[PDB]
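Reviewing the structure listed below.
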Amino acid sequence: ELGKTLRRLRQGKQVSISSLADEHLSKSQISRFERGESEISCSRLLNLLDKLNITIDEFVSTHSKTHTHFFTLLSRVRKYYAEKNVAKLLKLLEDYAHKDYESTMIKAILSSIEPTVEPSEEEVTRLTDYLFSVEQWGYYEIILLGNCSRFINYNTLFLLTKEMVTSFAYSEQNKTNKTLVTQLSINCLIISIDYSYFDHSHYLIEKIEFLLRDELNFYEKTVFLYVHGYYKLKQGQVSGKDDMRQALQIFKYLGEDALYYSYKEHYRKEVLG
Amino acid sequence: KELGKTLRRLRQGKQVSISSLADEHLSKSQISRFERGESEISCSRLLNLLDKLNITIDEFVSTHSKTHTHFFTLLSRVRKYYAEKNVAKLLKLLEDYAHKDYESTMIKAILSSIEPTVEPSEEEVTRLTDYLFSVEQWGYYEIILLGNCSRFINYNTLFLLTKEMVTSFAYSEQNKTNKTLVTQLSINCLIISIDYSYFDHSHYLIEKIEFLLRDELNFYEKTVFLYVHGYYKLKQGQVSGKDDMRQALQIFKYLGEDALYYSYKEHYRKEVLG
DNA sequence: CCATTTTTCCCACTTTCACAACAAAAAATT
DNA sequence: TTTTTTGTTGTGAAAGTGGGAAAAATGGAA
C-alpha cells in the first residue's frame, strides 16, 4: 500500500531500484513491494528510505494525510471549535465514549464555549492517574495535559508539569514537543504567580530558561519575557515592569494584534487602574 | 534491527497490555517476539501498533536511535565539532565522507564559516545544484543542503532553487520543521534580492513568505521578516521601511538575541548609515 | 496465599527472501 | 547489429505469522 509512494519518491529522485539494493534486501521484492504485491520488513523499509534520504516522517506524511487516530480527533475538535458549533462537537463525544482520556478531553475543550458540560472529577482523576503512569511523555500526553489543565487542581497540575519537563521526548530535528512543553510550563508558571507558589515559580523559571536556550522559540520567549517580568514585579524588581512593556512592543511590532490587546489589557489592570 | 526493544520500552512505559495492540492486523504473539529481537514485523503493522499507543512514528524512531539516519548522523557530528570551533575534527570528517559528494560539499561550505582555507569547488556546488534541480519533491535532505551551501551558490540559481523548493516541498501539519526552514531560507534569499534590487524576485518571495506565515506563530521568522520586508520598502522610497528595520532590532535587543542583533544592525549600518 | 493477568514457549502453514534466468529498452559498437 | 542497464517474474530455503499451552508476572485476600 506504501509501495506506490516508495516508487513515486524514488522515481522522482531519478535513482535506480538497484541503487537501493544491499545486504539487507534483494532487488527482488523491491519490484513487487513498489507494486503492492509484497510487503517488506520495517527495518528494511527504513533502510530503503535512508539511502533515499527520506525521513520516515515525510514518507508517511506524503503518502497519505489520514493521520494517526489522535490527530484525526484534534483536527476535528479544532474543526468545530473555530466554527463554535456545539452540535457537531457533541457529535464526536459519542464516537469516543469507548476512549476514556479522549472523551475527557472533548468535555474540557467544550466547556470553553459552553460551560454546562464539564469533565467529572472522576474522569479528570482517571486522566491524571494515566499521566502520572506514563514513564515518557509524548505528544499524546502533552496535548491531553494542556487541553484539560483548567480542570486539574493546581497542586497536581504542577506535579504533572514537573514530570512532563523531566521525562518528555527529545530530538533536535523535531522541536514541536519541546516547544509545547515550554508553553505548558509557562502556562503553569502564570498560575503559580497568581496563587504565589513562588517555590514552584522559581523551579519553573529555571526549567523554562533551559528549554529556551539555543532555540528560536521567540513567541515562547516573548510571553516568558512578559510573565517573568510580571514575577519580578511582585518580587521587588523594577526591571520587571520594563520586561512586560518590551514584550508588548514585540506584539505591537509584529502586528500580533490579538495577543497585544489581550496582554495590554492585563498589563494596566495589574499595574495601573 | 532491534526495533522491538524500544517498542517494548515505550509500550511498558504506558502500562498497556501487549494485546491491547493486538487486532485483526497482527498477532498478539508476534508483538512478543518482535519485542525480543527474534522476529521483525511489517512497518504497516508498526504504524498500527504505534497508532493505538498514540505514539507518532516520529517520536518512535527518535526514541530508538536519534542519529539513525545517515544524514542526521552527519549533521549532529557537524554541529558538535562546529560548536567547539575545532577544525581538526571537522577536516577529519571531510575525509570520512569523501565518498559522499553532496555531503562533503556541504561540509566544505560549513567549514569555511570558521576556516577560509577550504572552500567548495565551483564544480561541486554545480553538481549539488544540478541534483537539487533534479529532485521532484524537496525534503529535509534537500532543504538542509540548499541552506548550508547557499553562500557558494550564485544568486540567480539560488532564487530558482528557492522558487522550486517553496513550490514543491513536503510539510506535515503535525511536524512543521520543513515549513519553518523553507520560510527561513526564502527570507534569506529575499534580503539578497533586495541587496541586488531584483524587486520582481522580492515581490515573489514576499507573497510566498506571507503565505507561509499565516496561521503560524513563528515569531523569529516574523521579526527578521519585519526587518527584511522593511528593508524592501526602504529601497522602494518609503522611510516607513526604516522604522520596521529598527523595530526588529529592538526585538532582538529585548529578547537577548545578541548574535542576531549585531548581525542585522551591521547590515543596517552598512545600507542606511554608510 | 491464590485468582488473575501477562508473557513466553510450542505447534502447523503462509509469506517473504535471494539467487537466479527472464524479456525490454538504452546505450554502444558496428 | 551487439551489449549494458533496468526491471519483472519463478523456485528451495528461511524467515514471518496465528492459535494455544505452558511459564511467568502481577495483585490483592487471609
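Line order of the protein sequences matches chains A and B. Quick note: to get our numbering, add 1 to the position in the first sequence (first position is 1). Quick note: to get our numbering, add 273 to the position in the second sequence (first position is 1). We put the CB at the ideal spot given by N, CA and C, even for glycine.
Could you tell me which chain B residues have their CB closer than 8 Å to the CB of residue i, listed as they occur along the chain?
i, result
"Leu255 of chain A", "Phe492, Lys495, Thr496, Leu499, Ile524"
"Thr63 of chain A", "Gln410, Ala443"
Can a CB atom of chain A be found closer than 8 Å to the CB of residue i?
i, result
"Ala295 of chain B", "no"
"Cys316 of chain B", "yes"
"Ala382 of chain B", "no"
"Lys353 of chain B", "no"
"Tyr505 of chain B", "no"
"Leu276 of chain B", "yes"
"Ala361 of chain B", "no"
"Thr450 of chain B", "yes"
"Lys515 of chain B", "no"
"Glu308 of chain B", "no"
"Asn327 of chain B", "yes"
Could you work out which residue in the options is closest to residue i when comparing CA atoms only?
i, options, result
"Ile479 of chain B", "B:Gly503, B:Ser293, B:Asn327", "B:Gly503"
"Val272 of chain A", "A:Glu257, A:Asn178, A:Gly241, A:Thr223", "A:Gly241"
"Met106 of chain A", "A:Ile55, A:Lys270, A:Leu145", "A:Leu145"
"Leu190 of chain A", "A:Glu38, A:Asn175, A:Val224", "A:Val224"
"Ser385 of chain B", "B:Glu396, B:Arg400, B:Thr399, B:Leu364", "B:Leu364"
"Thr183 of chain A", "A:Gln137, A:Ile31, A:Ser193, A:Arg214", "A:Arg214"
"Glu103 of chain A", "B:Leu326, B:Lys301, B:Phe432, B:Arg542", "B:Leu326"
"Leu185 of chain A", "A:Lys208, A:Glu115, A:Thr63", "A:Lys208"
"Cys149 of chain A", "A:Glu173, A:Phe169, A:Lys108", "A:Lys108"
"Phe60 of chain A", "B:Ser293, B:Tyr414, B:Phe492", "B:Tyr414"
"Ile31 of chain A", "A:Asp244, A:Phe72, A:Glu2", "A:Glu2"
"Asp130 of chain A", "A:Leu160, A:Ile110, A:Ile114", "A:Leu160"
"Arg309 of chain B", "B:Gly277, B:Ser302, B:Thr336", "B:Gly277"
"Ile328 of chain B", "A:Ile143, A:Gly274, A:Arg269", "A:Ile143"
"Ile187 of chain A", "A:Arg33, A:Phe211, A:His64, A:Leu249", "A:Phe211"
"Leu401 of chain B", "B:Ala521, B:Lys373, B:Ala443", "B:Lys373"
What does residue i reach in chain A if we use C-beta pairs closer than 7 Å?
i, result
"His343 of chain B", "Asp51"
"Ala532 of chain B", "Within chain A, no residue comes near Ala532 of chain B; the closest Cβ sits about 11 Å away, beyond 7 Å."
"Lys508 of chain B", "Under the 7 Å cutoff, chain A gives no residues; its nearest Cβ is about 20 Å from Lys508 of chain B."
"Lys339 of chain B", "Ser172"
Can you list the residues of chain A that residue i reaches, using a CB-CB cut of under 8 Å?
i, result
"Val408 of chain B", "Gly13, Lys14"
"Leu319 of chain B", "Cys43"
If we define contact as Cβ-Cβ less than 8 Å, is residue i a contact residue for chain B?
i, result
"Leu10 of chain A", "yes"
"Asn148 of chain A", "no"
"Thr162 of chain A", "no"
"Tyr140 of chain A", "yes"
"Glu124 of chain A", "no"
"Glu40 of chain A", "yes"
List, in order along the chain, the chain B residues whose C-beta lies closer than 7 Å to that of residue i?
i, result
"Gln238 of chain A", "In chain order: nothing, as chain B lies at least about 16 Å away."
"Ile57 of chain A", "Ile330, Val334"
"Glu207 of chain A", "Near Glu207 of chain A there are no residues of chain B at all, since even the closest Cβ is about 16 Å away, more than 7 Å."
"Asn188 of chain A", "Ordered by position in chain B, no residue passes the 7 Å Cβ test against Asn188 of chain A, which lies about 15 Å from the chain."
"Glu210 of chain A", "Under the 7 Å cutoff, chain B gives no residues; its nearest Cβ is about 11 Å from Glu210 of chain A."
"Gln247 of chain A", "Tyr527"
Name the chain A residues whose beta carbon is nearer than 9 Å to that of residue i?
i, result
"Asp374 of chain B", "Those do not exist, as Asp374 of chain B stays about 13 Å from chain A at its closest Cβ, beyond 9 Å."
"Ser386 of chain B", "In chain order: nothing, as chain A lies at least about 17 Å away."
Indicate, with yes or no, if the ligand SAH has a heavy atom lying under 7 Å from the CB of residue i.
i, result
"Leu190 of chain A", "Absence of the ligand SAH from the depicted structure is noted, as is the absence of any ligand whatsoever, leaving it without description."
Run down chain B in chain order and give the residues with a C-beta less than 9 Å from the C-beta of residue i.
i, result
"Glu266 of chain A", "Those do not exist, as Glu266 of chain A stays about 20 Å from chain B at its closest Cβ, beyond 9 Å."
Checklist entry - Is the region 312 to 326 of chain B touching the region 383 to 392 of chain B, taking contact as three or more C-beta pairs under 8 Å? => result no
Next on the checklist: Would you call the region 433 to 451 of chain B in contact with the region 196 to 213 of chain A, where contact means no fewer than 3 C-beta pairs closer than 8 Å?
Outcome noted: no
Checklist entry - Is the region 83 to 94 of chain A touching the region 151 to 159 of chain A, taking contact as three or more C-beta pairs under 8 Å? => result no
Item to check | the region 87 to 104 of chain A contacting the region 251 to 268 of chain A, beta-carbon criterion three pairs below 8 Å | outcome: no
Checklist entry - How about the region 405 to 418 of chain B and the region 6 to 20 of chain A: do they share at least three Cβ pairs that are nearer than 8 Å? => result yes
Next on the checklist: Restricting to runs no shorter than 4 residues, where is the alpha helix (DSSP H) found entirely within the region 93 to 177 of chain A?
Outcome noted: 101 to 111, 122 to 134, 140 to 148, 155 to 167
Checklist entry - Would you say the region 441 to 450 of chain B touches the region 172 to 188 of chain A, given that touching needs at least three Cβ pairs under 8 Å? => result yes
Item to check | Whole runs of the alpha helix (DSSP H) within the region 282 to 360 of chain B, excluding any shorter than 4 residues | outcome: 303 to 307, 316 to 325, 330 to 337, 343 to 356
Checklist entry - Mind pulling the alpha helix (DSSP H) runs of 4 or more residues that sit fully within the region 462 to 509 of chain B? => result 472 to 486, 492 to 508
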